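Student: There's a structure below that I have some questions on.
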Amino acid sequence: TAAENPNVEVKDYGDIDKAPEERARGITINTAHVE
Ligand SMILES: Nc1nc2c(ncn2[C@@H]2O[C@H](COP(=O)(O)OP(=O)(O)NP(=O)(O)O)[C@@H](O)[C@H]2O)c(=O)[nH]1
């Protein structure tokens with residue numbers, strides 16, 4: 001969507017599973033919100 005709208009911040013995979021636990025287990029643990 002950010003290709004169509006400059007007003008969308010892109011979030012990459014590692015920006016979403018960013019927690020130290022998530023990295024340690026290699027899964028999502030926390031809900032993440034993106035726009
Ligand atoms: N071959 C292939 N692998 C994919 C595809 N989409 C995601 N993956 C791979 O599958 C693995 C899991 O993706 P991920 O997005 O982290 O899964 P999840 O459903 O978010 N995780 P969890 O249930 O822990 O939240 C990753 O290694 C990713 O590269 C796809 O289209 N093709």
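Scheme for the structure tokens: letters A, B, ... for chains in order shown; per-chain residue numbers from 1; ligand numbers from 1 in order shown.
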Which polymer residues have any atom within 12 Å of an atom of segment 11-26 of chain A, counting only C-alpha atoms, with same-chain residues fewer than 4 positions away left out, as a PyMOL selection string?
Tutor: chain A and resi 1-2+30-35
Student: DSSP says alpha helix (DSSP H) for which residues of chain A? Put them as a PyMOL selection string?
Tutor: chain A and resi 13-16+20-25
Student: State, in Å with one decimal place, the distance from atom CA of residue 28 of chain A to atom 26 (C, counted along the ligand's line) of ligand 1.
Tutor: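 Here the two named atoms are 11.3 Å from each other.
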Student: Have a look at atom CA of residue 27 of chain A and atom 6 (N, counted along the ligand's line) of ligand 1 and let me know their distance in Å, one decimal.
Tutor: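 Distance between the two atoms: 13.4 Å.
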Student: Report, in Å to a single decimal, how far apart atom CA of residue 10 of chain A and atom 9 (C, counted along the ligand's line) of ligand 1 are.
Tutor: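 Here the two named atoms are 18.7 Å from each other.
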